[PDB]
Amino acid sequence: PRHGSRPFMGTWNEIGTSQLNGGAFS
Amino acid sequence: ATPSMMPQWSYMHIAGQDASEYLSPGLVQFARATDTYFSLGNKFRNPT
Amino acid sequence: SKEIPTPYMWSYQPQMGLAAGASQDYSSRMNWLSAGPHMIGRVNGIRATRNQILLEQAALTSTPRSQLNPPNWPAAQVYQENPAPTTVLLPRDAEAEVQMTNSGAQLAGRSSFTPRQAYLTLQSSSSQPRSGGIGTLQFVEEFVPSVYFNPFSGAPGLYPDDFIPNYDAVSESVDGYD
Amino acid sequence: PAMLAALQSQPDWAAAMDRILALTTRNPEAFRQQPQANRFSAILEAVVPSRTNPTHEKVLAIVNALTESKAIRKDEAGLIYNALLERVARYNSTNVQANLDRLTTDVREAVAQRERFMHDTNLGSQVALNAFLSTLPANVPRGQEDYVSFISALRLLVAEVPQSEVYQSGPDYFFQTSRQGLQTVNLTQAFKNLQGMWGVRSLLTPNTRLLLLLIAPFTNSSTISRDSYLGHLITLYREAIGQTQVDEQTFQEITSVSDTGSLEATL
């Protein structure tokens with residue numbers, strides 16, 4: 001079973017404003 | 001030796017000179033040639 | 001008030017390296033009320049010599065500071081442990097082993113295959129030196145018996161206020177919950 | 001005590017129209033990329049700036065000043081602040097709202113005296129001493145006039161050791177401290193036992209000896225001659241201070257080479 005998989009220098013959600021899914025808000 | 005309380009003990013001869021060197025040589029000599037009829041060696045503590 | 005005062009001994013906490021409490025010499029003191037002014041004039045003076053000895057051995061052994069019992073000794077006045085570089089004699093030639101094991105059949109139950117061998121001198125002391133709290137062999141070096149040549153003679157402020165055991169020098173307050 | 005009010009509130013406009021306009025240096029391509037919601041909520045600011053209400057800020061610029069000198073205790077700047085705000089929220093006006101401004105931009109600048117207060121201890125060291133020297137006897141003691149040199153060495157000591165060297169007047173008797181720690185509290189109205197030997201060639205209670213040992217370092221060829229006792233002792237105390245420095249470095253060396261040990265053949 002093997003995974004490796006790429007895309008990992010971190011993530012963005014850049015600032016001056018913040019992250020996605022909402023935190024709290026239907 | 002404890003420098004803080006060294007004088008404190010030599011005061012009471014708890015530590016320091018023996019009972020043959022902290023008395024005036026006159027008494028040390030006299031009491032030496034008397035411990036046959038008037039013992040004096042037991043009253044003059046000797047520290048250890 | 002008084003002057004040949006009777007040194008204030010320093011207590012220890014084998015816990016946090018900093019010291020703890022302080023109090024006049026609770027026990028070790030003569031009883032001269034059975035004495036007249038021929039040795040009450042010498043006890044007074046033997047105690048003065050004790051005070052002078054304490055002063056000299058304080059100014060000669062201590063490391064000049066600004067707070068009697070510092071709340072956290074800096075990382076440069078606390079006796080640090082400087083061990084010696086540990087030297088392990090790496091007991092084999094890795095290249096030689098791997099090579100022969102791949103070759104021939106050596107399963108290999110100094111060395112005979114190759115006369116190569118090298119030490120691996122490491123570092124031994126630490127990464128970040130210790131900071132807070134001194135050991136016993138430093139307590140009896142830093143907090144020499146403290147002689148208080150005058151009693152609490154001043155405003156609340158100026159007063160060795162590192163003596164009261166229930167002092168929190170961090171917040172200059174007496175702790176509670178007792 | 002102001003930027004501590006600035007760095008406790010007030011999260012500029014030049015820095016905003018320097019970034020939207022893309023006139024920065026490091027990353028000019030910063031404001032362009034934001035969502036077109038932000039870029040329309042920062043362009044209508046450096047196009048028509050929104051007013052502010054500074055009262056709180058500079059009022060908080062006054063509390064952070066009081067509680068750092070010492071009035072309003074640290075734990076009361078939640079009643080003091082509300083009280084000040086409500087007073088200045090009543091009588092407010094370009095009258096007060098300015099009278100503050102001056103107070104807040106002067107209290108943080110008129111701090112030099114406070115600095116001086118702790119740089120010549122001209123709060124409880126020289127004002128007290130130059131008061132105590134006025135309670136001394138007349139300045140004409142009988143025996144000698146080495147008096148003045150000593151009494152001047154005292155002032156020099158108090159002026160060149162800012163550490164604390166406070167001079168209390170703990171009732172009738174003014175007493176010299178050697179440090180806020182205070183483990184050398186010597187009584188300075190109890191050297192009217194040196195208005196004895198001020199001029200001669202076992203009567204010194206160590207309290208006097210304590211003062212001598214305390215100032216000695218700051219005496220040179222001043223208290224001088226073989227003015228008895230007072231002369232020598234000062235010289236002998238200085239000699240002992242030098243020897244104590246010698247022994248201090250020696251003991252640190254001998255304990256770094258490696259128990260009483262050094263303490264015996266040093267003392």
# chains A, B, ... in the order shown; residues from 1 in each chain; ligands from 1
>>> interface_residues(of="chain D", to="chain C", cutoff="6 Å", atoms="only C-alpha atoms", output="PDB file with N, CA, C and O atoms, in the first residue's frame")
ATOM      1  N   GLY D 170      14.036  58.393  59.379  1.00  0.00           N
ATOM      2  CA  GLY D 170      13.440  57.520  60.385  1.00  0.00           C
ATOM      3  C   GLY D 170      13.605  58.225  61.652  1.00  0.00           C
ATOM      4  O   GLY D 170      14.652  58.108  62.147  1.00  0.00           O
ATOM      5  N   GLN D 180      19.047  49.480  48.437  1.00  0.00           N
ATOM      6  CA  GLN D 180      17.648  49.185  48.712  1.00  0.00           C
ATOM      7  C   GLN D 180      17.529  47.902  49.523  1.00  0.00           C
ATOM      8  O   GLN D 180      16.592  47.741  50.308  1.00  0.00           O
ATOM      9  N   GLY D 181      18.474  46.985  49.339  1.00  0.00           N
ATOM     10  CA  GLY D 181      18.551  45.815  50.188  1.00  0.00           C
ATOM     11  C   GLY D 181      18.708  46.215  51.640  1.00  0.00           C
ATOM     12  O   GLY D 181      18.081  45.623  52.520  1.00  0.00           O
ATOM     13  N   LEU D 182      19.546  47.218  51.898  1.00  0.00           N
ATOM     14  CA  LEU D 182      19.632  47.860  53.205  1.00  0.00           C
ATOM     15  C   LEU D 182      20.408  47.062  54.245  1.00  0.00           C
ATOM     16  O   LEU D 182      20.220  47.278  55.445  1.00  0.00           O
ATOM     17  N   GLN D 183      21.279  46.152  53.827  1.00  0.00           N
ATOM     18  CA  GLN D 183      22.001  45.347  54.812  1.00  0.00           C
ATOM     19  C   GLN D 183      23.262  46.038  55.314  1.00  0.00           C
ATOM     20  O   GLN D 183      24.196  45.396  55.787  1.00  0.00           O
ATOM     21  N   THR D 184      23.310  47.359  55.199  1.00  0.00           N
ATOM     22  CA  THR D 184      24.390  48.104  55.828  1.00  0.00           C
ATOM     23  C   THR D 184      23.825  49.404  56.387  1.00  0.00           C
ATOM     24  O   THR D 184      24.434  50.469  56.263  1.00  0.00           O
ATOM     25  N   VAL D 185      22.649  49.325  57.002  1.00  0.00           N
ATOM     26  CA  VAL D 185      21.990  50.513  57.525  1.00  0.00           C
ATOM     27  C   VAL D 185      22.832  51.083  58.650  1.00  0.00           C
ATOM     28  O   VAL D 185      22.854  50.536  59.757  1.00  0.00           O
ATOM     29  N   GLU D 248      39.004  38.418  46.776  1.00  0.00           N
ATOM     30  CA  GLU D 248      37.813  38.021  46.038  1.00  0.00           C
ATOM     31  C   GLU D 248      38.198  37.372  44.718  1.00  0.00           C
ATOM     32  O   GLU D 248      37.740  36.267  44.389  1.00  0.00           O
TER      33      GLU D 248
END
>>> atom_distance(atom1="atom CA of residue 142 of chain C", atom2="atom CA of residue 73 of chain C")
11.1 Å
>>> residues_around(residues="residue 21 of chain B", least_positions_apart="6", cutoff="12 Å", atoms="only C-alpha atoms", output="PyMOL selection string")
chain B and resi 13+27-29+44-47
>>> atom_distance(atom1="atom CA of residue 44 of chain D", atom2="atom CA of residue 18 of chain A")
21.1 Å
>>> residues_around(residues="residue 135 of chain D", least_positions_apart="3", cutoff="10 Å", atoms="only C-alpha atoms", output="PyMOL selection string")
chain D and resi 129-132+138+173-174+189
>>> write_last_selection(atoms="N, CA and C atoms", output="PDB file, in the first residue's frame")
ATOM      1  N   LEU D 129      20.407  64.642  52.793  1.00  0.00           N
ATOM      2  CA  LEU D 129      21.720  64.883  53.381  1.00  0.00           C
ATOM      3  C   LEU D 129      21.981  66.367  53.570  1.00  0.00           C
ATOM      4  N   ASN D 130      21.700  67.174  52.551  1.00  0.00           N
ATOM      5  CA  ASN D 130      21.929  68.606  52.667  1.00  0.00           C
ATOM      6  C   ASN D 130      20.901  69.210  53.606  1.00  0.00           C
ATOM      7  N   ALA D 131      20.030  68.365  54.148  1.00  0.00           N
ATOM      8  CA  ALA D 131      19.187  68.753  55.267  1.00  0.00           C
ATOM      9  C   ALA D 131      19.858  68.303  56.555  1.00  0.00           C
ATOM     10  N   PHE D 132      20.313  67.052  56.590  1.00  0.00           N
ATOM     11  CA  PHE D 132      20.995  66.536  57.765  1.00  0.00           C
ATOM     12  C   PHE D 132      22.279  67.281  58.075  1.00  0.00           C
ATOM     13  N   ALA D 138      27.455  73.192  64.716  1.00  0.00           N
ATOM     14  CA  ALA D 138      28.078  74.202  63.886  1.00  0.00           C
ATOM     15  C   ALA D 138      29.227  73.553  63.126  1.00  0.00           C
ATOM     16  N   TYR D 173      16.921  61.133  63.895  1.00  0.00           N
ATOM     17  CA  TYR D 173      18.206  60.443  63.663  1.00  0.00           C
ATOM     18  C   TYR D 173      18.235  60.189  62.175  1.00  0.00           C
ATOM     19  N   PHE D 174      19.039  60.781  61.361  1.00  0.00           N
ATOM     20  CA  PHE D 174      18.825  60.458  59.966  1.00  0.00           C
ATOM     21  C   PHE D 174      19.700  59.324  59.554  1.00  0.00           C
ATOM     22  N   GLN D 189      22.930  59.913  62.668  1.00  0.00           N
ATOM     23  CA  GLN D 189      22.881  60.770  63.844  1.00  0.00           C
ATOM     24  C   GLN D 189      23.624  60.123  64.999  1.00  0.00           C
TER      25      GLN D 189
END
>>> decode(residues="chain A", atoms="N, CA and C atoms", output="PDB file, in the first residue's frame")
ATOM      1  N   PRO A   1       0.925  -1.061   0.000  1.00  0.00           N
ATOM      2  CA  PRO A   1       0.000   0.000   0.000  1.00  0.00           C
ATOM      3  C   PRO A   1       0.994   1.140   0.000  1.00  0.00           C
ATOM      4  N   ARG A   2       0.806   2.204  -0.793  1.00  0.00           N
ATOM      5  CA  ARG A   2       1.827   3.270  -0.922  1.00  0.00           C
ATOM      6  C   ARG A   2       1.125   4.565  -1.202  1.00  0.00           C
ATOM      7  N   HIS A   3       1.635   5.661  -0.692  1.00  0.00           N
ATOM      8  CA  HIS A   3       0.896   6.932  -0.779  1.00  0.00           C
ATOM      9  C   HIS A   3       1.758   8.050  -1.351  1.00  0.00           C
ATOM     10  N   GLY A   4       2.963   8.272  -0.854  1.00  0.00           N
ATOM     11  CA  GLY A   4       3.689   9.450  -1.323  1.00  0.00           C
ATOM     12  C   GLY A   4       2.715  10.596  -1.418  1.00  0.00           C
ATOM     13  N   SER A   5       2.405  11.124  -2.601  1.00  0.00           N
ATOM     14  CA  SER A   5       1.430  12.208  -2.906  1.00  0.00           C
ATOM     15  C   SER A   5       2.061  13.578  -2.727  1.00  0.00           C
ATOM     16  N   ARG A   6       1.796  14.615  -3.523  1.00  0.00           N
ATOM     17  CA  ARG A   6       2.523  15.899  -3.474  1.00  0.00           C
ATOM     18  C   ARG A   6       1.729  17.113  -3.151  1.00  0.00           C
ATOM     19  N   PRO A   7       2.281  18.319  -3.284  1.00  0.00           N
ATOM     20  CA  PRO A   7       1.666  19.468  -2.819  1.00  0.00           C
ATOM     21  C   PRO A   7       1.836  19.687  -1.328  1.00  0.00           C
ATOM     22  N   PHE A   8       3.020  20.091  -0.917  1.00  0.00           N
ATOM     23  CA  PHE A   8       3.237  20.410   0.502  1.00  0.00           C
ATOM     24  C   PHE A   8       4.400  21.334   0.823  1.00  0.00           C
ATOM     25  N   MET A   9       4.279  22.611   0.472  1.00  0.00           N
ATOM     26  CA  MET A   9       5.239  23.645   0.892  1.00  0.00           C
ATOM     27  C   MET A   9       4.383  24.437   1.871  1.00  0.00           C
ATOM     28  N   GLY A  10       3.192  23.963   2.299  1.00  0.00           N
ATOM     29  CA  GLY A  10       2.351  24.603   3.345  1.00  0.00           C
ATOM     30  C   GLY A  10       0.939  24.805   2.882  1.00  0.00           C
ATOM     31  N   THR A  11       0.426  26.017   2.889  1.00  0.00           N
ATOM     32  CA  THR A  11      -0.880  26.394   2.273  1.00  0.00           C
ATOM     33  C   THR A  11      -1.055  27.918   2.261  1.00  0.00           C
ATOM     34  N   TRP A  12      -2.083  28.449   1.606  1.00  0.00           N
ATOM     35  CA  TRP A  12      -2.076  29.915   1.492  1.00  0.00           C
ATOM     36  C   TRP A  12      -3.171  30.542   2.307  1.00  0.00           C
ATOM     37  N   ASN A  13      -4.423  30.563   1.897  1.00  0.00           N
ATOM     38  CA  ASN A  13      -5.429  31.321   2.661  1.00  0.00           C
ATOM     39  C   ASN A  13      -4.750  32.614   3.019  1.00  0.00           C
ATOM     40  N   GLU A  14      -4.347  33.405   2.069  1.00  0.00           N
ATOM     41  CA  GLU A  14      -3.502  34.542   2.389  1.00  0.00           C
ATOM     42  C   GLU A  14      -4.217  35.496   3.243  1.00  0.00           C
ATOM     43  N   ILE A  15      -3.494  36.456   3.772  1.00  0.00           N
ATOM     44  CA  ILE A  15      -4.055  37.320   4.836  1.00  0.00           C
ATOM     45  C   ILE A  15      -4.522  38.650   4.334  1.00  0.00           C
ATOM     46  N   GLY A  16      -4.523  39.663   5.176  1.00  0.00           N
ATOM     47  CA  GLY A  16      -5.144  40.924   4.809  1.00  0.00           C
ATOM     48  C   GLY A  16      -6.568  40.565   4.954  1.00  0.00           C
ATOM     49  N   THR A  17      -6.859  39.312   5.263  1.00  0.00           N
ATOM     50  CA  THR A  17      -8.212  38.736   5.427  1.00  0.00           C
ATOM     51  C   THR A  17      -7.974  37.227   5.703  1.00  0.00           C
ATOM     52  N   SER A  18      -8.879  36.468   6.300  1.00  0.00           N
ATOM     53  CA  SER A  18      -8.456  35.097   6.647  1.00  0.00           C
ATOM     54  C   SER A  18      -9.207  33.904   6.142  1.00  0.00           C
ATOM     55  N   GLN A  19      -8.996  32.725   6.720  1.00  0.00           N
ATOM     56  CA  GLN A  19      -9.419  31.430   6.147  1.00  0.00           C
ATOM     57  C   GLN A  19     -10.802  31.091   5.613  1.00  0.00           C
ATOM     58  N   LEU A  20     -11.012  29.888   5.063  1.00  0.00           N
ATOM     59  CA  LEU A  20     -12.207  29.488   4.287  1.00  0.00           C
ATOM     60  C   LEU A  20     -13.403  28.939   5.012  1.00  0.00           C
ATOM     61  N   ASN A  21     -13.666  27.612   5.025  1.00  0.00           N
ATOM     62  CA  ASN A  21     -14.902  26.908   5.528  1.00  0.00           C
ATOM     63  C   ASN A  21     -15.841  27.697   6.419  1.00  0.00           C
ATOM     64  N   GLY A  22     -15.400  28.795   7.034  1.00  0.00           N
ATOM     65  CA  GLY A  22     -16.296  29.730   7.711  1.00  0.00           C
ATOM     66  C   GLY A  22     -16.040  29.808   9.148  1.00  0.00           C
ATOM     67  N   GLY A  23     -15.626  28.736   9.746  1.00  0.00           N
ATOM     68  CA  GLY A  23     -15.572  28.786  11.193  1.00  0.00           C
ATOM     69  C   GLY A  23     -16.985  28.588  11.672  1.00  0.00           C
ATOM     70  N   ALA A  24     -17.895  29.545  11.495  1.00  0.00           N
ATOM     71  CA  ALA A  24     -19.244  29.422  12.073  1.00  0.00           C
ATOM     72  C   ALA A  24     -20.305  30.148  11.285  1.00  0.00           C
ATOM     73  N   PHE A  25     -21.090  29.495  10.481  1.00  0.00           N
ATOM     74  CA  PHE A  25     -22.005  30.238   9.652  1.00  0.00           C
ATOM     75  C   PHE A  25     -22.518  29.268   8.646  1.00  0.00           C
ATOM     76  N   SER A  26     -23.686  28.708   8.845  1.00  0.00           N
ATOM     77  CA  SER A  26     -24.305  27.756   7.932  1.00  0.00           C
ATOM     78  C   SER A  26     -23.689  27.997   6.610  1.00  0.00           C
TER      79      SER A  26
END
